[PDB]
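File shown: final-v1.cif (mmCIF, C-alpha atoms; chains and numbers go by the auth columns).
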```
data_run
loop_
_atom_site.group_PDB
_atom_site.id
_atom_site.type_symbol
_atom_site.label_atom_id
_atom_site.label_comp_id
_atom_site.label_asym_id
_atom_site.label_seq_id
_atom_site.Cartn_x
_atom_site.Cartn_y
_atom_site.Cartn_z
_atom_site.B_iso_or_equiv
_atom_site.auth_seq_id
_atom_site.auth_asym_id
ATOM 1 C CA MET A 1 1.532 -9.739 -0.994 0.00 1 W
ATOM 2 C CA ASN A 2 -1.683 -9.537 -3.016 0.00 2 W
ATOM 3 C CA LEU A 3 -2.311 -7.639 -6.241 0.00 3 W
ATOM 4 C CA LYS A 4 -3.384 -4.366 -4.618 0.00 4 W
ATOM 5 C CA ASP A 5 -0.142 -4.420 -2.604 0.00 5 W
ATOM 6 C CA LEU A 6 1.967 -5.216 -5.665 0.00 6 W
ATOM 7 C CA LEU A 7 0.565 -2.173 -7.430 0.00 7 W
ATOM 8 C CA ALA A 8 1.258 0.099 -4.446 0.00 8 W
ATOM 9 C CA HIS A 9 4.744 -1.432 -4.212 0.00 9 W
ATOM 10 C CA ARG A 10 5.434 -0.808 -7.903 0.00 10 W
ATOM 11 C CA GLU A 11 4.335 2.777 -7.609 0.00 11 W
ATOM 12 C CA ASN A 12 6.563 3.272 -4.484 0.00 12 W
ATOM 13 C CA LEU A 13 9.508 1.980 -6.397 0.00 13 W
ATOM 14 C CA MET A 14 8.794 4.308 -9.248 0.00 14 W
ATOM 15 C CA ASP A 15 8.362 7.179 -6.853 0.00 15 W
ATOM 16 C CA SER A 16 11.688 6.407 -5.165 0.00 16 W
ATOM 17 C CA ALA A 17 13.539 5.973 -8.485 0.00 17 W
ATOM 18 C CA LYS A 18 12.339 9.472 -9.305 0.00 18 W
ATOM 19 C CA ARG A 19 13.368 11.098 -5.977 0.00 19 W
ATOM 20 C CA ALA A 20 16.655 9.353 -6.594 0.00 20 W
ATOM 21 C CA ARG A 21 17.230 10.719 -10.122 0.00 21 W
ATOM 22 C CA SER A 22 16.053 14.194 -9.115 0.00 22 W
ATOM 23 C CA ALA A 23 18.782 14.199 -6.465 0.00 23 W
ATOM 24 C CA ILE A 24 21.389 13.811 -9.207 0.00 24 W
ATOM 25 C CA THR A 25 21.846 17.483 -10.054 0.00 25 W
ATOM 26 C CA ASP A 26 24.857 18.499 -12.135 0.00 26 W
ATOM 27 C CA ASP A 27 26.258 20.369 -9.144 0.00 27 W
ATOM 28 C CA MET A 28 26.882 17.024 -7.448 0.00 28 W
ATOM 29 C CA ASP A 29 30.318 15.408 -7.279 0.00 29 W
ATOM 30 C CA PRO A 30 31.161 12.922 -10.144 0.00 30 W
ATOM 31 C CA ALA A 31 31.880 10.073 -7.667 0.00 31 W
ATOM 32 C CA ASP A 32 28.539 10.482 -5.896 0.00 32 W
ATOM 33 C CA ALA A 33 26.798 11.051 -9.193 0.00 33 W
ATOM 34 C CA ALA A 34 28.162 7.758 -10.528 0.00 34 W
ATOM 35 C CA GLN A 35 27.069 5.935 -7.339 0.00 35 W
ATOM 36 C CA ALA A 36 23.666 7.574 -7.443 0.00 36 W
ATOM 37 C CA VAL A 37 23.185 6.343 -11.041 0.00 37 W
ATOM 38 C CA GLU A 38 24.087 2.841 -9.894 0.00 38 W
ATOM 39 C CA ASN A 39 21.351 3.049 -7.252 0.00 39 W
ATOM 40 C CA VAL A 40 18.727 4.202 -9.744 0.00 40 W
ATOM 41 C CA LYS A 41 19.586 1.350 -12.168 0.00 41 W
ATOM 42 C CA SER A 42 18.985 -1.015 -9.205 0.00 42 W
ATOM 43 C CA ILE A 43 15.636 0.396 -8.210 0.00 43 W
ATOM 44 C CA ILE A 44 14.558 0.342 -11.846 0.00 44 W
ATOM 45 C CA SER A 45 15.647 -3.293 -12.046 0.00 45 W
ATOM 46 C CA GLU A 46 13.218 -3.961 -9.184 0.00 46 W
ATOM 47 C CA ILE A 47 10.390 -2.020 -10.869 0.00 47 W
ATOM 48 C CA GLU A 48 10.788 -4.212 -13.990 0.00 48 W
ATOM 49 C CA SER A 49 10.751 -7.322 -11.905 0.00 49 W
ATOM 50 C CA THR A 50 7.596 -6.173 -9.997 0.00 50 W
ATOM 51 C CA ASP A 51 5.971 -5.443 -13.304 0.00 51 W
ATOM 52 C CA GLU A 52 6.478 -9.124 -14.115 0.00 52 W
ATOM 53 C CA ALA A 53 4.928 -10.153 -10.787 0.00 53 W
ATOM 54 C CA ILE A 54 1.905 -7.977 -11.666 0.00 54 W
ATOM 55 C CA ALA A 55 1.625 -9.445 -15.172 0.00 55 W
ATOM 56 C CA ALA A 56 1.868 -12.965 -13.724 0.00 56 W
ATOM 57 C CA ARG A 57 -0.879 -12.262 -11.159 0.00 57 W
ATOM 58 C CA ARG A 58 -3.214 -10.649 -13.696 0.00 58 W
ATOM 59 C CA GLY A 59 -2.542 -13.267 -16.344 0.00 59 W
ATOM 60 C CA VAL A 60 -3.061 -16.274 -14.070 0.00 60 W
ATOM 61 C CA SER A 61 -6.584 -15.285 -13.172 0.00 61 W
ATOM 62 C CA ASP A 62 -7.261 -14.268 -16.848 0.00 62 W
ATOM 63 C CA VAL A 63 -6.125 -17.705 -17.902 0.00 63 W
ATOM 64 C CA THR A 64 -7.891 -19.709 -15.198 0.00 64 W
ATOM 65 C CA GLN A 65 -11.111 -17.982 -16.031 0.00 65 W
ATOM 66 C CA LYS A 66 -10.741 -18.952 -19.615 0.00 66 W
ATOM 67 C CA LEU A 67 -9.696 -22.452 -19.124 0.00 67 W
ATOM 68 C CA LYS A 68 -12.765 -22.816 -16.995 0.00 68 W
ATOM 69 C CA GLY A 69 -14.814 -21.463 -19.821 0.00 69 W
ATOM 70 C CA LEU A 70 -13.366 -23.783 -22.404 0.00 70 W
ATOM 71 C CA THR A 71 -14.054 -26.895 -20.517 0.00 71 W
ATOM 72 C CA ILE A 72 -16.215 -29.634 -21.996 0.00 72 W
#
```

Produce structure tokens that represent the structure in this file.
Amino acid sequence: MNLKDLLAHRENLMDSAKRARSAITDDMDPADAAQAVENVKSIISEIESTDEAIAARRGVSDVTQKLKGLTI
């Protein structure tokens, strides 16, 4: 995917991590609550990793454009 897609993707992950943690109300069963927390930690792990993809994409064109400008 391209940058615009990566940003939408990141925001979807953040959105779904939030619907997921909202669902963990303290009237839920301990077993389910523990599983649900496991699922949120996993989605957040993917958010972090997408953040890196975004940083890499932004950085690479920042860098290329600067290399170019330092040539000679």

Check which residues satisfy the PyMOL selection byres ((chain W and resi 17) around 9) in the file shown, then give them as a list in words.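 Against this file, the PyMOL selection byres ((chain W and resi 17) around 9) returns the residues residues 12, 13, 14, 15, 16, 18, 19, 20, 21, 22, 39, 40, 41, 42, 43, 44 and 47 of chain W.
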
Minimum-distance residue to residue W:3, chosen among W:63, W:24, W:56, W:72 (using only C-alpha atoms):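 Nearest candidate to residue W:3 out of W:63, W:24, W:56, W:72: W:56.
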
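Going from atom CA of residue W:10 to atom CA of residue W:37 covers 19.4 Å.
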
Find the distance between atom CA of residue W:55 and atom CA of residue W:67 and write it in Å to one decimal.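 Answer for the atom CA of residue W:55 to atom CA of residue W:67 separation: 17.7 Å.
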
Shell around residue W:57 at 9 Å using all atoms listed in the file, local window under 5 positions removed, as a list in words: residues 2, 3, 52 and 62 of chain W

Listed atoms of stretch 37-54 of chain W, axis-aligned box, 4 Å per side: centre and edge lengths to one decimal in Å, as AutoDock Vina command-line options?
```
--center_x 13.0 --center_y -1.9 --center_z -10.7 --size_x 30.2 --size_y 24.5 --size_z 14.9
```

Residues within 9 Å of residue W:6, please, as JSON, numbers by chain. Count all atoms listed in the file; anything in the same chain fewer than 2 positions from it doesn't count. {"W": [1, 2, 3, 4, 8, 9, 10, 11, 50, 51, 53, 54]}

Write out the residues from the selection above, keeping C-alpha atoms, as an mmCIF file, in the coordinates of the input.
```
data_model
loop_
_atom_site.group_PDB
_atom_site.id
_atom_site.type_symbol
_atom_site.label_atom_id
_atom_site.label_comp_id
_atom_site.auth_asym_id
_atom_site.auth_seq_id
_atom_site.Cartn_x
_atom_site.Cartn_y
_atom_site.Cartn_z
ATOM 1 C CA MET W 1 1.532 -9.739 -0.994
ATOM 2 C CA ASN W 2 -1.683 -9.537 -3.016
ATOM 3 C CA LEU W 3 -2.311 -7.639 -6.241
ATOM 4 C CA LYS W 4 -3.384 -4.366 -4.618
ATOM 5 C CA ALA W 8 1.258 0.099 -4.446
ATOM 6 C CA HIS W 9 4.744 -1.432 -4.212
ATOM 7 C CA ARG W 10 5.434 -0.808 -7.903
ATOM 8 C CA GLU W 11 4.335 2.777 -7.609
ATOM 9 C CA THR W 50 7.596 -6.173 -9.997
ATOM 10 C CA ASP W 51 5.971 -5.443 -13.304
ATOM 11 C CA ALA W 53 4.928 -10.153 -10.787
ATOM 12 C CA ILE W 54 1.905 -7.977 -11.666
#
```

Do you have the atom CA of residue W:49-atom CA of residue W:33 distance handy?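 Result for atom CA of residue W:49 versus atom CA of residue W:33: 24.5 Å, one decimal.
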
Working from the structure I just supplied, which lacks atoms in stretch 37-71 of chain W, can you model N, CA and C atoms there and output them as a PDB file, in the coordinates of the input?
```
ATOM      1  N   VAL W  37      23.683   6.966  -9.806  1.00  0.00           N
ATOM      2  CA  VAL W  37      23.185   6.343 -11.041  1.00  0.00           C
ATOM      3  C   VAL W  37      23.115   4.822 -10.903  1.00  0.00           C
ATOM      4  N   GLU W  38      24.070   4.264 -10.173  1.00  0.00           N
ATOM      5  CA  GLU W  38      24.087   2.841  -9.894  1.00  0.00           C
ATOM      6  C   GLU W  38      22.837   2.469  -9.091  1.00  0.00           C
ATOM      7  N   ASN W  39      22.535   3.260  -8.074  1.00  0.00           N
ATOM      8  CA  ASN W  39      21.351   3.049  -7.252  1.00  0.00           C
ATOM      9  C   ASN W  39      20.036   3.137  -8.018  1.00  0.00           C
ATOM     10  N   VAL W  40      19.926   4.102  -8.914  1.00  0.00           N
ATOM     11  CA  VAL W  40      18.727   4.202  -9.744  1.00  0.00           C
ATOM     12  C   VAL W  40      18.562   2.987 -10.660  1.00  0.00           C
ATOM     13  N   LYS W  41      19.638   2.554 -11.316  1.00  0.00           N
ATOM     14  CA  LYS W  41      19.586   1.350 -12.168  1.00  0.00           C
ATOM     15  C   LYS W  41      19.092   0.110 -11.387  1.00  0.00           C
ATOM     16  N   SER W  42      19.404   0.075 -10.091  1.00  0.00           N
ATOM     17  CA  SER W  42      18.985  -1.015  -9.205  1.00  0.00           C
ATOM     18  C   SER W  42      17.527  -0.980  -8.796  1.00  0.00           C
ATOM     19  N   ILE W  43      17.038   0.209  -8.491  1.00  0.00           N
ATOM     20  CA  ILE W  43      15.636   0.396  -8.210  1.00  0.00           C
ATOM     21  C   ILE W  43      14.874   0.110  -9.479  1.00  0.00           C
ATOM     22  N   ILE W  44      15.312   0.648 -10.616  1.00  0.00           N
ATOM     23  CA  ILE W  44      14.558   0.342 -11.846  1.00  0.00           C
ATOM     24  C   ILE W  44      14.536  -1.167 -12.152  1.00  0.00           C
ATOM     25  N   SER W  45      15.630  -1.848 -11.869  1.00  0.00           N
ATOM     26  CA  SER W  45      15.647  -3.293 -12.046  1.00  0.00           C
ATOM     27  C   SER W  45      14.551  -3.978 -11.214  1.00  0.00           C
ATOM     28  N   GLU W  46      14.266  -3.415 -10.049  1.00  0.00           N
ATOM     29  CA  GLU W  46      13.218  -3.961  -9.184  1.00  0.00           C
ATOM     30  C   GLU W  46      11.808  -3.621  -9.664  1.00  0.00           C
ATOM     31  N   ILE W  47      11.623  -2.406 -10.194  1.00  0.00           N
ATOM     32  CA  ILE W  47      10.390  -2.020 -10.869  1.00  0.00           C
ATOM     33  C   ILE W  47      10.065  -3.015 -11.985  1.00  0.00           C
ATOM     34  N   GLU W  48      11.030  -3.299 -12.865  1.00  0.00           N
ATOM     35  CA  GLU W  48      10.788  -4.212 -13.990  1.00  0.00           C
ATOM     36  C   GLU W  48      10.335  -5.565 -13.511  1.00  0.00           C
ATOM     37  N   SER W  49      11.026  -6.037 -12.491  1.00  0.00           N
ATOM     38  CA  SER W  49      10.751  -7.322 -11.905  1.00  0.00           C
ATOM     39  C   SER W  49       9.372  -7.392 -11.171  1.00  0.00           C
ATOM     40  N   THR W  50       8.920  -6.265 -10.623  1.00  0.00           N
ATOM     41  CA  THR W  50       7.596  -6.173  -9.997  1.00  0.00           C
ATOM     42  C   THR W  50       6.540  -6.110 -11.071  1.00  0.00           C
ATOM     43  N   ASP W  51       6.858  -5.443 -12.172  1.00  0.00           N
ATOM     44  CA  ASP W  51       5.971  -5.443 -13.304  1.00  0.00           C
ATOM     45  C   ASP W  51       5.674  -6.861 -13.772  1.00  0.00           C
ATOM     46  N   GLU W  52       6.691  -7.721 -13.772  1.00  0.00           N
ATOM     47  CA  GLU W  52       6.478  -9.124 -14.115  1.00  0.00           C
ATOM     48  C   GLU W  52       5.573  -9.818 -13.108  1.00  0.00           C
ATOM     49  N   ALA W  53       5.783  -9.558 -11.811  1.00  0.00           N
ATOM     50  CA  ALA W  53       4.928 -10.153 -10.787  1.00  0.00           C
ATOM     51  C   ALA W  53       3.456  -9.755 -11.027  1.00  0.00           C
ATOM     52  N   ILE W  54       3.243  -8.499 -11.416  1.00  0.00           N
ATOM     53  CA  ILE W  54       1.905  -7.977 -11.666  1.00  0.00           C
ATOM     54  C   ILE W  54       1.276  -8.647 -12.886  1.00  0.00           C
ATOM     55  N   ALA W  55       2.064  -8.795 -13.943  1.00  0.00           N
ATOM     56  CA  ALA W  55       1.625  -9.445 -15.172  1.00  0.00           C
ATOM     57  C   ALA W  55       1.269 -10.911 -14.890  1.00  0.00           C
ATOM     58  N   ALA W  56       2.130 -11.604 -14.148  1.00  0.00           N
ATOM     59  CA  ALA W  56       1.868 -12.965 -13.724  1.00  0.00           C
ATOM     60  C   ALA W  56       0.568 -13.060 -12.933  1.00  0.00           C
ATOM     61  N   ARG W  57       0.358 -12.186 -11.948  1.00  0.00           N
ATOM     62  CA  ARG W  57      -0.879 -12.262 -11.159  1.00  0.00           C
ATOM     63  C   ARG W  57      -2.101 -11.984 -11.999  1.00  0.00           C
ATOM     64  N   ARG W  58      -2.048 -10.983 -12.878  1.00  0.00           N
ATOM     65  CA  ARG W  58      -3.214 -10.649 -13.696  1.00  0.00           C
ATOM     66  C   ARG W  58      -3.502 -11.763 -14.684  1.00  0.00           C
ATOM     67  N   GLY W  59      -2.453 -12.189 -15.379  1.00  0.00           N
ATOM     68  CA  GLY W  59      -2.542 -13.267 -16.344  1.00  0.00           C
ATOM     69  C   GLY W  59      -3.101 -14.572 -15.791  1.00  0.00           C
ATOM     70  N   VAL W  60      -2.627 -14.998 -14.619  1.00  0.00           N
ATOM     71  CA  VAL W  60      -3.061 -16.274 -14.070  1.00  0.00           C
ATOM     72  C   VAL W  60      -4.554 -16.313 -13.836  1.00  0.00           C
ATOM     73  N   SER W  61      -5.140 -15.236 -13.337  1.00  0.00           N
ATOM     74  CA  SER W  61      -6.584 -15.285 -13.172  1.00  0.00           C
ATOM     75  C   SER W  61      -7.338 -15.086 -14.508  1.00  0.00           C
ATOM     76  N   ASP W  62      -6.723 -14.374 -15.466  1.00  0.00           N
ATOM     77  CA  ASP W  62      -7.261 -14.268 -16.848  1.00  0.00           C
ATOM     78  C   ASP W  62      -7.373 -15.632 -17.514  1.00  0.00           C
ATOM     79  N   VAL W  63      -6.319 -16.410 -17.312  1.00  0.00           N
ATOM     80  CA  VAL W  63      -6.125 -17.705 -17.902  1.00  0.00           C
ATOM     81  C   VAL W  63      -7.065 -18.721 -17.267  1.00  0.00           C
ATOM     82  N   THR W  64      -7.077 -18.770 -15.939  1.00  0.00           N
ATOM     83  CA  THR W  64      -7.891 -19.709 -15.198  1.00  0.00           C
ATOM     84  C   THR W  64      -9.344 -19.541 -15.582  1.00  0.00           C
ATOM     85  N   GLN W  65      -9.733 -18.306 -15.797  1.00  0.00           N
ATOM     86  CA  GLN W  65     -11.111 -17.982 -16.031  1.00  0.00           C
ATOM     87  C   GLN W  65     -11.481 -18.383 -17.434  1.00  0.00           C
ATOM     88  N   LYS W  66     -10.487 -18.730 -18.221  1.00  0.00           N
ATOM     89  CA  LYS W  66     -10.741 -18.952 -19.615  1.00  0.00           C
ATOM     90  C   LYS W  66     -10.657 -20.416 -19.858  1.00  0.00           C
ATOM     91  N   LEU W  67      -9.662 -21.038 -19.275  1.00  0.00           N
ATOM     92  CA  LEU W  67      -9.696 -22.452 -19.124  1.00  0.00           C
ATOM     93  C   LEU W  67     -11.051 -22.905 -18.650  1.00  0.00           C
ATOM     94  N   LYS W  68     -11.506 -22.372 -17.536  1.00  0.00           N
ATOM     95  CA  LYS W  68     -12.765 -22.816 -16.995  1.00  0.00           C
ATOM     96  C   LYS W  68     -13.738 -22.769 -18.126  1.00  0.00           C
ATOM     97  N   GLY W  69     -13.783 -21.655 -18.826  1.00  0.00           N
ATOM     98  CA  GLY W  69     -14.814 -21.463 -19.821  1.00  0.00           C
ATOM     99  C   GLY W  69     -14.642 -22.229 -21.115  1.00  0.00           C
ATOM    100  N   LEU W  70     -13.633 -23.069 -21.185  1.00  0.00           N
ATOM    101  CA  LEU W  70     -13.366 -23.783 -22.404  1.00  0.00           C
ATOM    102  C   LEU W  70     -13.514 -25.224 -22.098  1.00  0.00           C
ATOM    103  N   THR W  71     -13.964 -25.518 -20.902  1.00  0.00           N
ATOM    104  CA  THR W  71     -14.054 -26.895 -20.517  1.00  0.00           C
ATOM    105  C   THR W  71     -15.284 -27.565 -21.068  1.00  0.00           C
TER     106      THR W  71
END
```
